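Each chain, letter by letter, is given below.
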Amino acid sequence: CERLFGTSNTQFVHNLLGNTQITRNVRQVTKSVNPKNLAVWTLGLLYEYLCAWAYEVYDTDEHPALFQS
DNA sequence: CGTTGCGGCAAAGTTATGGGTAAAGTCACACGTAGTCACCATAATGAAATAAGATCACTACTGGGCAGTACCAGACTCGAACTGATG
């Protein structure tokens, strides 16, 4: 499951406005690149698109240790 | 005439460069990045205070009028008496 968290991060989370990727090294965060001033998503839409990802994209995607979706 | 060195011609040989494809590596998922003094100008009262103003009290200076007094007649009114007409 933990690796699947990173799969979700790279496939769905890190491709969205407000992706708190820069904040890993806070020394490089500026008021122009702070995700807080860039946030656009809500809870409902983020949840529904994460569910769409989980139950269709990763659902039909082939797996290494499985040889099928 | 034959031999020998030299030079053109055209594959052939060697580097280089931008493409494609499987396969060895690479690295984040492991609860977490935002969070906190320092900074000096402006509004904004509320208090401190004003600088002049307001009034009291006293001192001195200078206009200035009222209750009362007084005379010299002119003029109207009328006691008191005189005098003439009369029934």
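Just above sits the structure.
The sections below set out a description of the structure shown in this document. (Residues numbered from 1 in each chain as written, not as in the entry; some residues may be left out. Chains lettered and ligands numbered in written order. Part of a larger assembly, values for the part shown. Heavy atoms only, no water.)

### Looking at the overall build of chain A
Turning to step 1, where the next piece is worked out: When helices and strands are tallied, chain A shows two helices and zero strands.
Turning to step 2, where the next piece is worked out: Relative to the compact-globule value of 11 Å for 69 residues, chain A shows a C-alpha radius of gyration of 15 Å, a clear excess of over 25%.
Turning to step 3, where the next piece is worked out: Seen through its principal axes, chain A has C-alpha atoms that stretch 45 × 25 × 15 Å.
Turning to step 4, where the next piece is worked out: Counting across all 69 residues of chain A, residues that qualify as buried make up 10%.
Turning to step 5, where the next piece is worked out: Within chain A, residue pairs in contact and separated by at least 24 positions form 38% of the contacts whose partners lie at least 6 positions apart.
Turning to step 6, where the next piece is worked out: Summing over all exposed atoms, chain A offers an accessible surface of approximately 5900 Å²; the carbon and sulfur share of this is 57%. (Helix = DSSP H or I, 4+ residues; strand = E, 2+ residues; numbered from the N terminus. Rg over C-alpha atoms; globule rule 2.2 N^0.38 Å. Buried < 20%, exposed > 50% of the residue type's maximum accessible area, 1.4 Å probe, protein only. Contact = heavy atoms within 4.5 Å. Areas by Shrake-Rupley, 256 points an atom, 1.4 Å probe, with all protein chains shown as cover.)

### With respect to unusual backbone geometry
Turning to step 1, where the next piece is worked out: Its identity is not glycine, yet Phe67 carries a phi of approximately 60°, on the positive side.
Turning to step 2, where the next piece is worked out: Within the secondary structure, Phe67 sits in the segment after α2 (43-60).

### A closer look at a nonpolar patch on the surface
Turning to step 1, where the next piece is worked out: Taken together, the side chains of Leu17, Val40, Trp41, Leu45, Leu46 and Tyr49 make up a nonpolar region of the molecular surface, amounting to roughly 550 Å² of accessible area.
Turning to step 2, where the next piece is worked out: One can find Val40 in the loop between α1 (2-13) and α2. (Patch = residues over 30% accessible without salt bridge, like charges linked within 9 Å, V, L, I, M, F, W, Y side chains within 5 Å. Salt bridge = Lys/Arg side-chain N within 4 Å of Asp/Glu carboxyl O.)

### Observations regarding the protein's contact with DNA strand B
Turning to step 1, where the next piece is worked out: Every residue lining DNA strand B is accounted for by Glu2, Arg3, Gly6, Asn9, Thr20, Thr23, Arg24, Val26 and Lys36.
Turning to step 2, where the next piece is worked out: Among the atoms of DNA strand B lying within 4 Å of the protein, the sugar-phosphate backbone contributes 66%.
Turning to step 3, where the next piece is worked out: A distance of 2.5 Å separates a phosphate oxygen of DNA strand B from a polar atom in the side chain of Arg24.
Turning to step 4, where the next piece is worked out: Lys36 places a side-chain nitrogen or oxygen 3.1 Å from a phosphate oxygen of DNA strand B. (Near = heavy atom within 4 Å. Polar contact = N/O pair within 3.5 Å; in protein donor to acceptor, adjacent residues only side chain to side chain.)

### Comments concerning α2
Turning to step 1, where the next piece is worked out: With 18 residues, α2 extends 25 Å from end C-alpha to end C-alpha; this agrees with the ideal 26 Å at 1.5 Å per step.
Turning to step 2, where the next piece is worked out: Remark: the principal bend of α2, roughly 30°, maps to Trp53. (Expected span 1.5 Å × (residues − 1). Bend = angle between axes of the 7 residues up to and from the residue.)

### With respect to the packing of aromatic side chains
Turning to step 1, where the next piece is worked out: Across all of its chains, the model carries two aromatic pairs by this definition.
Turning to step 2, where the next piece is worked out: Note on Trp41 and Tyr49: the rings are 5.9 Å apart at their centroids and 70° apart in plane angle, and the pair reads as edge-to-face.
Turning to step 3, where the next piece is worked out: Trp41 gets classed as partly exposed once you look at its relative accessible area, which sits at 35%.
Turning to step 4, where the next piece is worked out: Look at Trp53 and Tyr58: their rings are 5.8 Å apart centre to centre, the planes differ by 35°, and that puts the pair in the tilted class.
Turning to step 5, where the next piece is worked out: The class for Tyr58 is partly exposed, based on a relative accessible area of 27%. (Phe/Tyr/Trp six-rings, centres within 6.5 Å; stacked < 30°, edge-to-face > 60°.)

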